[PDB]
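Indexing begins at 1, ligand by ligand and atom by atom, following the structure's order. Position 1 is the first residue of the sequence, and the numbers go up from there.
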Amino acid sequence: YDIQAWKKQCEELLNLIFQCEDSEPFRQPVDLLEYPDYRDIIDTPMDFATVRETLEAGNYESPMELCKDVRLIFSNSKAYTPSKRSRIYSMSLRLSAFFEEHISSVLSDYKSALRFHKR
Ligand SMILES: COc1cccc(C(=O)O)c1
């Protein structure tokens, strides 16, 4: 029932994600010199360094907010991909499955802790 435990759990999950080779295209903002039309398709860029910095600044109130930004990294990849078979997109799908598998308990524990707090 620790309402704050999600933050360190998210830090550790981000550390695992940065160790995954599949995260390399998503560690820093998409390079506009490499993909000049990126902002014509993507309205809100997102990347794992921005997520980590937001968490470390104390600018996430809950793990749901962190989860919304990580999911935005994946939806941007899906919206920008020219093919569902592209390399970078395929890496996003695996990393998404790994992230979803690990964030589930973080979200569950936080929501349960919060319900206990408001019981
Ligand atoms: C820069 O982000 C992305 C996302 C998805 C696919 C690609 C690509 O070039 O195949 C690039």
Report the C-alpha distance between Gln9 and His102 in whole Å, list the side-chain angles of each, state the deciding distance to 0.1 Å, and finish with yes or no for side chain to side chain contact (heavy atoms under 4.5 Å, CB included).
CA-CA 9 Å; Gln9 289 163 0; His102 285 78; over 6 Å; no

Ring-plane angle category for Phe116 and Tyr1, please: parallel below 30°, perpendicular beyond 60°, tilted otherwise.
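If you compare the ring of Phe116 with that of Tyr1, the planes turn out parallel.
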
Can you tell whether the side chains of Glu100 and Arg71 come within less than 4.0 Å, N to carboxylate O?
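Answer for the salt bridge query: yes.
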
Using modelled atom types and a 3.5 Å cut-off, is there a donor and acceptor pairing between side-chain atoms of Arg115 and backbone atoms of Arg119?
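The answer is no, because no donor-acceptor pair under 3.5 Å joins these two groups.
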
Side chains of residues 20-38: which donor-acceptor pairs under 3.5 Å do they make with residues two or more places apart or in other chains?
residue, atom, partner, partner atom, Å
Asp22, OD1, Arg94, NH2, 2.9
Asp22, OD2, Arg94, NE, 2.8
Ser23, OG, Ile17, O, 2.7
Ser23, OG, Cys20, O, 2.9
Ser23, OG, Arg27, NE, 2.9
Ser23, OG, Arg27, NH2, 3.3
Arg27, NH2, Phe18, O, 3.2
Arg27, NH2, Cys20, O, 2.9
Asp31, OD1, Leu33, N, 2.9
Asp37, OD1, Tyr80, OH, 2.6

Let me see the working for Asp47 and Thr50 under side-chain hydrogen bond (donor to acceptor under 3.5 Å, both in side chains), right down to the final yes or no.
CA-CA 6 Å; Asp47 66 278; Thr50 295; 2.6 Å; yes

Could you name the protein residues that come within less than 4.0 Å of ligand 1, counting only heavy atoms, and order them by chain and residue number?
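For ligand 1, the residues that come within the 4.0 Å heavy-atom cutoff are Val30, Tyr35, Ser77, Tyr80, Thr81, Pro82, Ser86, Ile88, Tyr89.
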
